[PDB]
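First comes one chain, alone, set out as structure tokens in the form deposited without the named molecule.
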């Protein structure tokens, strides 16, 4: 893209993913789409899969103009884990830690992200 406000917004989101979310201990199973060779029934159970690589690909294509659409996809990782792995699964706890570091970092960056969202919107 050529709009610096959008590029900057996407860059901030990408670093939330790589610096914070992917740093959660044992988070690797959420870094990429579920591998059907190891989890053979995953895509028969989960209608709308989501993972951090897919989110990063969306960021690289500037598909998030607001934090809410980005957070919606992050939240879907957890919701899918509740459904597939179970509400109390070790994997679900890890997914919630991923969500928590994302949500809390977005809160940290609130003033800066608000400014970018309004400058992406005006254009």
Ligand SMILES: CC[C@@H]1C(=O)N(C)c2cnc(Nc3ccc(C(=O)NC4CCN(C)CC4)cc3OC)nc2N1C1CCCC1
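Basically, rigid core = biggest C-alpha set you can superpose within 1.5 Å across the two forms. Residues that one form lacks are left out of the comparison. Numbering follows the first chain given and starts at 1.
Keep in mind the form solved in complex with the named molecule is missing from the figure; the text below concerns it.
K.L.:
Check, residue by residue, if 9, 16 and 64 all come within 4.5 Å of the named molecule in the bound PDB entry, counting heavy atoms only.
P.N.:
The answer is no; none of 9, 16 and 64 reaches the named molecule.
K.L.:
Is residue 75 near the named molecule? Define near as a heavy atom within 4.5 Å, in the bound PDB entry.
P.N.:
Answer no; every heavy atom of residue 75 is more than 4.5 Å from the named molecule in the bound PDB entry.
K.L.:
Does the named molecule come within 4.5 Å of any heavy atom of residue 60 in the bound PDB entry?
P.N.:
Residue-level check for residue 60: yes, a contact with the named molecule.
K.L.:
I'd like to check something about residue 93: if you look in the bound PDB entry, is any of its heavy atoms closer than or equal to 4.5 Å to a heavy atom of the named molecule?
P.N.:
So residue 93 does not count as contacting the named molecule.
K.L.:
When the contact criterion is heavy atoms within 4.5 Å, does residue 71 count as touching the named molecule in the bound PDB entry?
P.N.:
No, no contact at 4.5 Å.
K.L.:
May I ask you to list the residues of 82-113 that have any heavy atom within 4.5 angstroms of the named molecule in the bound PDB entry, in sequence order?
P.N.:
Contacting residues: 84, 85, 91.
K.L.:
In a superposition on the rigid core, which residue from 46, 79, 71, 39 has a CA displacement reaching 2 Å or more between the shown form and the other one?
P.N.:
The displaced C-alpha is that of 39.
K.L.:
Please list the stretches that shift between the shown form and the other one, defined as three or more consecutive residues with CA displacements of 2 Å or more after core superposition.
P.N.:
Core-superposed, the single displaced stretch is 35-40.
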